[PDB]
Protein chains: 2
Amino acid sequence: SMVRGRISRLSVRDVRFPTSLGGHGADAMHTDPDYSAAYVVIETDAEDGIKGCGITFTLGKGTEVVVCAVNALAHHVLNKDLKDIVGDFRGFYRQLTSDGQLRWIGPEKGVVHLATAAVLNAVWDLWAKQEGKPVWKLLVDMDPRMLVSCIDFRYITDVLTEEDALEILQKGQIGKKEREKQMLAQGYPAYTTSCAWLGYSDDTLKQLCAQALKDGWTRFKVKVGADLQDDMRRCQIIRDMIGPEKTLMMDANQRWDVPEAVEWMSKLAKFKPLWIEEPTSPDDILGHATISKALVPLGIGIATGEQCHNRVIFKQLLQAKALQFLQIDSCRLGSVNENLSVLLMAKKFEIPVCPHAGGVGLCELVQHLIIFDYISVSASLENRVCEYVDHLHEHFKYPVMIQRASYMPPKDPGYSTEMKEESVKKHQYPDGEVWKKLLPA
Amino acid sequence: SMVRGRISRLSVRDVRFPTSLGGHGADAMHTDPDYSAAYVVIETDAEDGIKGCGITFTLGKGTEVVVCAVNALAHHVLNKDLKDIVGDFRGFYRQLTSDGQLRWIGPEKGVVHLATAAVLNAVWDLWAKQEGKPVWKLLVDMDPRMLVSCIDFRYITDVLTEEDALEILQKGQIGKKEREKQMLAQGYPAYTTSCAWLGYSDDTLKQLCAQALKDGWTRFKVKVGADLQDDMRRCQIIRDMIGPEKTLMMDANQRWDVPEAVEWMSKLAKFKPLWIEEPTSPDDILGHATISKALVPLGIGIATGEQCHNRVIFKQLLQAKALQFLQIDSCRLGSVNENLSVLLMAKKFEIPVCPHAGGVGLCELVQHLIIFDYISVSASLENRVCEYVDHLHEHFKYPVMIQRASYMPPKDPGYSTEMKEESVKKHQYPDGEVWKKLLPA
Ligand SMILES: [Mg+2]
Ligand SMILES: [Mg+2]
Ligand SMILES: [Mg+2]
Ligand SMILES: [Mg+2]
C-alpha cells in the first residue's frame, strides 16, 4: 500500500446549477430541479498535492442542509491517519452512520446519509489517487478479504454473511482478466435519458430522438406519470422514431399508488417498455412486489432504487422479489462501502443491477461501481445497462468518456469526483457569479 | 371557527439538555444522549398574543441540521393565512413533504421530516389555541370529513381510503361522550421507562424500582441488547422487585440482526416480557415479521415504531403482520396529520397503538394523540398503554399531569408544545448559560 498522511483539512461547499432555467430535467414528481451538489474536499499533511474530492447530489433547495450535516460529520475524519480509516473501513463506516447522537437524525437515511456519502466519496477518491488507480481498478485489484473488511454487514447477515460475500468475490476471480480486457476495449453499455423529460413539444422531442439515434444511442428512457394523454403522446413519438427492436424504459418517479400504477401501466403496455421505474414510493417494498406480480405477465419488469435509502430496503426488495432491475445510486447509499454490499446482495439473489445516473457527477462515479460489478461480481452484461444523461460533464476534471453508447473505463487515478475549481466558484450558492446574476442582492 | 391571522414570523432555536452528564437515558444503541429539540415559534398578525409552538426531538448533535431544514421550510408557512392552511391541511402537508426540490433530501424521512414535524406541530398548537381547546379536544370535536381533509392518503389508499377513514371515524362517534368522561375521570394508562436505563449498579436499580412501586407504577420497561449477562442481571432485579403479576417490557433499540434477535430473546424469555421493542433495524419490515413469527409462540409480542420514518413503513408493518404493538411518535412522523393516518391504519388492521414518549416533550404531545385515539378511533384500552419518562417536564409551560400512573387529559388550549422562555434561553446551543459553562470559549 501507498497510503500515507493524516487528514488535516475538510471543506464543503454548496454548488448549484440552474438546470430548471434550461428546460431539461423535469419529471412528473420533480418538475423544476436545479441539479446541485454538496462538494467536499479533504487534504492530508502528506505534501503530495493529492486531495480527496467528494459529492452528493441534490435538486437545489436543501443543499445547504446537506452542507450542515457534512460539517456535523467532519470531526470523524479530521486528524485521522488515512491508513487507519482504509485499514478498518467497516469501523469508520459504523462511526459515521451509527454515531450515538447523529444516527437519531437518520438513521442511515435522508440528509445525514447523503452527507455521509459525500464524506466517504472524498475518502475513496483520496485513497484511489494515493494508490495511482481509478476506483474501479482499486476495487478489481483488492484482495477479497480486504474488500469485505470495507463493508458493514449489520442488518444483512440474514441474506449475505461475510463468508457469502467472500464466496461471490472468489468466484468473480475466474475470467477477471478477460472481463477487464472487454471493458477497456468496448466499455459498459449505456442508455440515454436525454429524450425522457417532460415539457417538450412534438418537434423538440422528434429532434432529440433523431440526434440520439444519429449519435448511436439504441436504448431510451422516457418519464411518465403526471398526465396519461401526455405519456401516450410522447411514448408514441419515441417508439415511432426508435422502432420496435430498440429498448424503451419508462420512469414514473414514485407518482402512483399501488392499484393506480397497475392501471396506468396497463394503458402504456402497448409501447412495450422493458421496465417501469419507481412506479410508487421508494419505501414501499410490498407495493413494488404487488406491481411486479401484476405487470410481469404483460412482459414489463419493475425497476427501482435511485432513492432507496440504505441496504436494508434493498435487502427486502430482493427478499420479496419486488424488482426485476435493481438501481444502485453512488450518492444516495453510503458511498462505495454500502454500494458494494448491495452489488453483492443483488448477485446472491441473481438480480441484474442497472445503475441510476445523471444529475451532477452521478455518471462520473457510478460507472466505477458497475465496471467493478462486471469484472469482479456479476461477471455479466445480461439484463444490465448503465444510465447516461448529457448534463454538466464539462464541470468535472475527469468527465465520462462515451464511445458507441458505452462507458469507457476511467484511466486516471481517483473516483472522477474532482470538479473544476472555476466551475465550483461560479456556481457556489448564494455568492457565486451565476447566483449573484440570477438572484441579485 | 375562531381561526384568524396571517403567519408573520417564525423562529427556530437549537435547545439542548445535558442529560448524558445526569447518568440516565443510556440505551444499548444511544449510549450518551443529550435530549434536545429544534424549538419553533410562529406568530400571526392577529395581535391576540397567541403563538404556535412546535418541537422535534433529537439526541444533541444534529439538532443544528434540523434547525437548518426548518429554515428551508419556513417560506411555505410565512405570509400564509392560518384559515387557508387549516382549510386544506392535506394540501399544506403535501407542499411541506413533497416540495419539488426539498423532497429529494428525504423524501418524508430523516432531517427533512423531523423539521416538517416541528413546523406542523407549531401550526397545530396555534390552531388549537385560537380555538381555545387542547389538541386532543380539537380532534375529538372535529367533523369526520374535516379531520380526513387534514390527512394526506398518498401511498396508503391501497389499505385505507378516505371512505375507509370516514367509516372508522363515524363508528368512533358511538360512545364518544362516555369515553371522554372516562379519560377526564381516570386518565390514559401509562408505563414507566425510569428503571430501564443502562449503567445502573444493582443498588441504584433496586432504589429506582422501589420508588416507582411506592409511587404507584405497575408497568415497567427495561433496555436490553448490548450485553446479555448485564440484561439478565437487570431483568432479574426488576422482575424480583415488581413480581410476576406486573408488566415488564424490553427494548433492544435496533441492536440485533434477525437470527440474533431470536436467539437473544430465547434467553430473556424466562423474565416473561410482554413485548420486545425494536429488535432490529426500524426499516426492516420483513425482519420484524420474521422475529414476530419466531417469538409469538414464546408468548412475546413485537413492538416497533418510534424511529419508523413515515406512514408507508407503518402500512407495510401492518400488511406483513410484523408487530403486535404499534408505537407512534409525535415528532418522528409528519406531526398530527401523519400520526392520524397511522392511528386510522392501526384500527383498520385491529392492531393496538402504544405510543413512544420521553425525550424532550414527547409525553406532552403524544398524550393528545392517544387520548384522541381512545375517544374517537380505537375506543379501547385493551393491549394499549402510553410510555412515560420522568425527564424535563419542568421546562414546559403545560407539563404532563400523572395521576395513579395515568395521563390526565390536558385542560389548557394548545398542543402542550410551549416551552418556558427562561428554560429555552439557558439551554440554547451553543450560547445559552448551560452550554457556555459546559463548553467554555
Ligand atoms: Mg429514475
Ligand atoms: Mg455488470
Ligand atoms: Mg424504544
Ligand atoms: Mg387508545
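Note that the numbers count up from 1, one per residue, in the order the chain is shown.
This entry, so its header tells us, was determined using X-ray crystallography, 1.7 Å.
Backbone N, Cα and C define each Cβ position, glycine as well.
Per Swiss-Prot, the phosphoserine annotation among the candidates B:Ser149, B:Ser194, B:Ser266, B:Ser341 falls on B:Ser149.
Site annotation for Mg(2+) in Swiss-Prot covers B:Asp251, B:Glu306, and the matching candidate from B:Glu263, B:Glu277, B:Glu338 is B:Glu277. Of the residues proposed, B:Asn253, B:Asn337, B:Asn339, the one Swiss-Prot records at the same substrate site as B:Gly25, B:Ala26, B:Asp27, B:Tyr35, B:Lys221, B:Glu277, B:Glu306, B:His356, B:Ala357, B:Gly358, B:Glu387 is B:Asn253. Taking a Cβ cut-off of under 6 Å from any atom of ligand 3, the recorded positions B:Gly25, B:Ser149, B:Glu277, B:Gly358 reduce to B:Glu277.
When each of the binding-site residues B:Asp251, B:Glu306 is scored by how many other Cβ atoms sit within 10 Å of its Cβ, B:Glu306 comes out lowest. When the binding-site residues B:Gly25, B:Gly358 are compared by the number of other CB atoms within 10 angstroms of each CB, B:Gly358 has the fewest. Among the recorded positions B:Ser149, B:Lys223, B:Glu306, the ones whose Cα is located within 10 Å of the Cα of B:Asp27 (substrate binding site) are B:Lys223. Cβ neighbour counts within 10 Å, taken over all protein chains shown, single out B:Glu277 as the most crowded of the binding-site residues B:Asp27, B:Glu277. Packing around B:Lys223 (active site, proton donor/acceptor) is summarised by its Cβ count: 26 other Cβ atoms lie within 10 angstroms of its Cβ, all protein chains included. For the recorded positions B:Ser149, B:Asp251, B:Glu306, B:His356, a Cα to Cα distance of within 10 angstroms from B:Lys221 (substrate binding site) holds for B:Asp251.
Annotated Mg(2+) site B:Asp251, B:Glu277, B:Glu306; additional same-chain residues within 8 Å of its Cβ mean position, judged by their own Cβ, are B:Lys221, B:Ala252, B:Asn253, B:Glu278, B:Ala303, B:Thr304, B:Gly305, B:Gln327, B:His356.
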